[PDB]
Amino acid sequence: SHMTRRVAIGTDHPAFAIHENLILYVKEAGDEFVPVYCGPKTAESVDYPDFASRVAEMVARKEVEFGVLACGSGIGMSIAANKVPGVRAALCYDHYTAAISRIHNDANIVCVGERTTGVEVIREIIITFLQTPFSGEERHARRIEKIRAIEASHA
Amino acid sequence: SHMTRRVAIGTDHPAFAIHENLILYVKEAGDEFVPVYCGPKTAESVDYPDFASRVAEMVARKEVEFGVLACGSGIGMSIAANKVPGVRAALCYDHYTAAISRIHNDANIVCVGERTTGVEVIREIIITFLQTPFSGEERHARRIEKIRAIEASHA
Amino acid sequence: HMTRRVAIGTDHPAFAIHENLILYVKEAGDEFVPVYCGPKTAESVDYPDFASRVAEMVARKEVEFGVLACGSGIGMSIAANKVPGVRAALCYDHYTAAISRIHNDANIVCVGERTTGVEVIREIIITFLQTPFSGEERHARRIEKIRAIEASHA
Amino acid sequence: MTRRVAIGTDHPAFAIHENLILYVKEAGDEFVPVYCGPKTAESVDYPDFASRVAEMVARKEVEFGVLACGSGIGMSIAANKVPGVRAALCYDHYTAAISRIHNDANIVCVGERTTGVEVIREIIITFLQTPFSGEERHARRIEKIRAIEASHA
């Protein structure tokens with residue numbers, strides 16, 4: 001049953017401590033969702049852009065449909081990921097932002113902070129993000145297309 | 001005395017209601033800061049990416065040193081602004097994010113949500129963003145340079 | 001199948017959103033009726049006078065729930081919880097709104113107008129009113145402990 | 001003068017009790033934490049720890065409290081049932097500061113499931129370091145809270 005919707009996951013070093021939580025939260029959104037962990041495999045020092053880039057590139061080719069990125073605050077992951085054309089990476093810190101990133105911006109990557117946001121709210125963020133459809137409205141689609149034109153104008 | 005530091009400001013339609021607040025909060029960060037309002041001039045309908053692009057291009061050229069973007073949640077502005085090379089636009093919702101986006105990521109645009117974040121916290125965000133210096137640390141600079149290598153790899 | 005009354009009060013900064021708070025109660029469903037008790041005007045007011053008015057309504061059961069707003073929400077939650085029978089929850093997001101119900105059977109939601117934007121206030125109100133109490137024994141036990149603290153100072 | 005800070009948790013927040021002790025000390029050498037929370041990972045009911053800390057504050061045995069549970073809210077409802085206590089649910093710097101500035105809050109309540117530890121640190125430091133405004137309208141409101149408590153005693 002289902003079309004498999006793969007979700008690539010990456011972290012930095014402080015968020016490596018919650019990488020198994022992120023895997024689990026992705027599966028809790030629904031049985032169609034399959035996590036693909038791309039993050040650091042150990043507690044060694046890492047630079048978040050390297051994992052943002054790995055995830056974001058998978059998202060942009062649609063090797064996976066969605067990404068989940070975690071760092072200290074989420075901010076660094078959101079800046080790095082959005083540098084990949086085709087990506088719409090949303091820094092989410094609550095239910096509202098998780099849902100609205102989907103509804104308005106059809107976001108494809110959710111970025112969270114391990115040092116900022118407690119794990120039960122991260123859970124709620126991921127699940128909300130992965131359960132929430134895009135609105136379908138003309139103005140939202142138009143705005144998203146405008147982002148694509150910004151990318152095209154710098155390519 | 002001082003070097004003048006210009007700060008470009010842009011909004012969408014819901015955040016046009018607070019554009020005078022944004023101008024004020026930028027001046028309160030210190031008398032070297034000079035706001036340059038680039039956002040909508042009336043309550044007319046707008047698409048946030050048009051103003052994200054305007055502010056982000058100004059920052060990327062260094063017509064201004066910093067930008068402030070406001071929309072519903074902040075998220076659209078961050079996604080759009082980050083599509084301009086040279087921009088590092090941070091979605092901030094509290095003091096900690098405002099500070100850390102400077103300390104770790106040397107962020108040059110601060111993005112806030114008028115529907116999500118009350119004005120006294122938007123104030124605190126802007127002021128904190130504009131008074132907080134970049135850490136200087138080797139690992140933070142190295143990561144920021146990896147962000148630029150992401151942009152160059154798609155140029 | 002009575003409707004469910006929801007008393008509402010504010011301080012002066014949150015008077016600017018008193019119409020939004022009435023609206024969001026109604027948006028939680030036709031079974032919820034707002035009862036506005038807050039300042040009628042933009043005059044100076046002290047939050048505890050409105051916290052007390054709402055909280056007394058909840059504690060006597062003239063309403064089922066309360067909504068309080070001030071600058072940050074915190075003032076209201078401190079004041080309202082000084083009335084016995086009140087469990088007033090400062091909420092700032094969906095999770096807090098929901099969990100205050102689930103775990104604490106909270107009867108008053110407090111929000112900040114200076115801190116929290118109106119669409120998240122909306123979500124908080126709607127979630128608070130729609131979410132049921134867990135019914136679980138450990139939560140009921142903890143809530144009974146809170147009542148034992150009030151009774152030890154009555 | 002030593003400013004003492006009593007600390008309590010529930011079971012989920014027991015996981016960060018060492019953090020809480022640390023962040024209090026990080027607010028200045030004069031702040032001393034007094035850990036009153038559960039000593040192990042056993043089951044507990046937050047109102048029992050809220051009551052412990054809140055009575056210490058209300059009877060002037062310590063100047064401040066810090067209470068942590070899942071969300072912070074249980075602690076803040078429980079603690080505020082003790083007369084003399086002004087317990088503030090804080091989730092960021094602004095709330096931590098303003099609770100002091102406006103309400104001279106004496107207990108800070110935080111959520112371990114909701115707020116990451118580096119923000120909890122900021123909250124604790126800011127709460128302990130920020131002074132009460134002293135302004136007449138704040139003092140009047142705080143005395144109104146005491147009158148609510150006195151009207152139900």
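Throughout, read-outs are computed from the coordinates displayed, never taken from laboratory work. No Cβ is skipped: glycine too gets one built from the backbone with ideal geometry, and neighbour counts run over all protein chains shown.
Leaving out same-chain residues fewer than 8 places away, which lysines sit with a Cα under 16 Å from that of C:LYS40? By straight Cα distance, C:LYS40 reaches no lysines at all. Can you compute the equivalent ellipsoid semi-axes for the range D:29-69, i.e. the square root of 5 times each eigenvalue of the Cα gyration tensor, sorted largest first and rounded to whole Å? For the range D:29-69, the semi-axes come out at 20, 13, 7 Å. Relative to the dominant Cα principal axis of chain D, helix D:117-129 is inclined by about 30°. Hydrodynamic radius of chain C by the Kirkwood approach over all distinct alpha-carbon pairs: 15.1 Å.
For C:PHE15, what is the net charge nearby, where nearby means another residue's Cβ is under 11 Å from its Cβ and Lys, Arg count +1, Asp, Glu -1? Write down the numbers at each step before the final one.
Details: positive: C:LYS40; negative: C:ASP11, C:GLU19, C:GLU43, C:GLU113.
With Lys, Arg at +1 and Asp, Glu at -1, the neighbours total -3.
Helix D:46-58: angle to the longest alpha-carbon principal axis of chain D, degrees 0 to 90, nearest 10? With rounding to tens, the tilt is 50 degrees. Normalising the average separation of contacting C-alpha pairs (under 8 angstrom, six or more residues apart) by the number of residues puts the relative contact order of the range C:2-127 at 28 percent.
Relative to the Cα centre, the charge distribution of the protein assembly as shown, modelled as +1 at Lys and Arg Cβ and -1 at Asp and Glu Cβ, gives a dipole magnitude of about 20 debye. Just so you know, the averaged projected area of the alpha carbon convex hull for the range C:73-133 sits at 3.6 nm².
How much net charge surrounds D:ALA96 when only other residues with a Cβ under 15 Å from its Cβ are counted (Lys, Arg +1; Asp, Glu -1)? Intermediate values should be presented prior to the final figure.
Details: positive: C:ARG114, D:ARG86, D:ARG100, D:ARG121; negative: B:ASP94, B:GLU120, B:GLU124, D:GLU26, D:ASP92, D:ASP104, D:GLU118, D:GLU122.
In short, -4.
Quick check: the distance between the Cα centres of the range C:94-154 and the range A:58-122, to the nearest angstrom? Answer, in whole Å: 29. For the listed residue pairs C:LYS145/D:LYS25; A:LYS41/A:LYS62; A:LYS27/A:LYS62, the alpha carbons are over 28 angstrom apart in C:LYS145/D:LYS25.
Here, P(r) means the percent of Cα pairs in each 20 Å bin from 0 to the largest distance; for the protein assembly as shown it is 21, 54, 24, 1. Cα axis of helix A:95-105 to longest principal axis of chain A: angle in degrees, 0 to 90, nearest 10? In chain A, helix A:95-105 runs at an angle near 40 degrees to the longest axis. Straight Cα distances below 19 angstrom link C:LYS61 to the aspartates and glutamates C:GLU31, C:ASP49, C:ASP105, C:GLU144, C:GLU150, with same-chain residues fewer than 8 positions distant left out.
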